[PDB]
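Two separate entries follow, structure 1 and structure 2, each one form of the same protein chain as structure tokens.
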Structure 1
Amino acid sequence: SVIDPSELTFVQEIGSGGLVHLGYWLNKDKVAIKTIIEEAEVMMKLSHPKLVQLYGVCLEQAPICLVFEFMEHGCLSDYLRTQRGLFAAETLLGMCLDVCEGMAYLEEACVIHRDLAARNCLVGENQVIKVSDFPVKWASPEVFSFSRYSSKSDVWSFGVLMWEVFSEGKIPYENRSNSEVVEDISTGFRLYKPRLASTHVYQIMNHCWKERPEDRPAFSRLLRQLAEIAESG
């Protein structure tokens, strides 16, 4: 990236030797603008390298809009379908590990995602995966039966996300109606093991898919568990 000199303002000399200067930079930076005061300011304090940053809110004129971070390669769902077969098992695990880092920060700050999926996960420079936007195929039994949301209901969605990643962007419960999904999941049916997913990785998905929400592990526990798989093989 080349920067035009006129965009920069030099204010003070900070460190001598080249010469380091405190300066200001006015630039037209690429952003993602979501179109429609208090709930918008609590989202701004939430900063993490694995979460899509909210830069600000435009309120002076209608429609009001939120200014988010721009991710160079768009949503993960399409990214996996487009570049199918090009990914290694480690790269796919590393994608789940990036999402888990962000979700561990969100659960620590007591924030429920309510729609965690590959479509809401974005790919940036050097294949960084970040979580954004904070569907019975991603919904846990307590969400489609009692509408009870928690970090444990997000853990079920993370299990479906992991599956989506290892199946390389495949649609979960394909050629199955919403009602058919609900009855089968409740019976004990789960998404099959994707070829690229290890036997142990599939067990973690099934741990995320435990009918009892408290039986499911936390994102803090999933982060340790997944990183351990990345170190061993």
Structure 2
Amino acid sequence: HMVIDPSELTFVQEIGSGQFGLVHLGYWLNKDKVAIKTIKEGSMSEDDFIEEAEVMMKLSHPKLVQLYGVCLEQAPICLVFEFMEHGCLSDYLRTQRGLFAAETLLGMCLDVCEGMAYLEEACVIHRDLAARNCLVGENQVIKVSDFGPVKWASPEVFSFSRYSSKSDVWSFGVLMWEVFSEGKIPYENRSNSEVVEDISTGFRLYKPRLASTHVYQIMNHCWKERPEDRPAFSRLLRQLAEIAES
């Protein structure tokens, strides 16, 4: 539980919600800007919160959002993360649409891939890798969050709820699509059924204009019907890294 926080927290304004709790922009010790995630009483068992926080504090990577600590003396319970200045990647891409060079967008994908490669190696399955679950820090660094939606699901996921790092990769491909379309909604005008049919028939998200043919190729490797046919994040990372240089 590396560092338990009492009330050295200043709650400034809330920024999120949804039974689980509320999210607040705050300050710890009147100095460090933080995002405080509080949990609604009786919205999560205590051992789930406890075992979850320990996992997130055991994980450490430059591309994974860091935790300052947790509050559990009850008041209610909460998690204290470092504050990511520019919010969620989805919102960021949308409001900044038209101001991105392709290199920038590719750089964003590489950030996410590094954090994902790290989690992969740590045998951690994300299960909800989407641009909305990624955060933008100052200088456009992207960090994966919420690491500890059939539009992002691989076939074995909407069929067997069979999660793995390989299903995460598929999700990463869709995230790549979100990044290059500059925040567009994938399969915006299609129901679950239509998405499942289209995907099952071999259709894939169209190539965004900012996505080079080489970037799109990688996106399609992530969307290979067979998990074993998709590259592991460790491999993807180097593929993206080479393309980035041109």
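Rigid core here is just the name for the largest C-alpha set that superposes within 1.5 Å across the two forms. Please note that residue numbering is based on structure 1, beginning with 1 at the start of its sequence.
After superposition on the rigid core, the Cα atom of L46 is displaced by less than 2 Å between structure 1 and structure 2. Comparing the forms between structure 1 and structure 2, the C-alpha position of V57 differs by 2 angstroms or more, with the core used for superposition. After superposing the rigid core, the Cα of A227 is displaced by less than 2 Å between structure 1 and structure 2.
Superposing the two forms on their core, we find that the Cα atom of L8 is displaced by 17.1 Å between structure 1 and structure 2. For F68, the Cα deviation between structure 1 and structure 2 after core superposition amounts to 2.0 Å. If you overlay the core, the Cα of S179 moves by 1.2 Å between structure 1 and structure 2.
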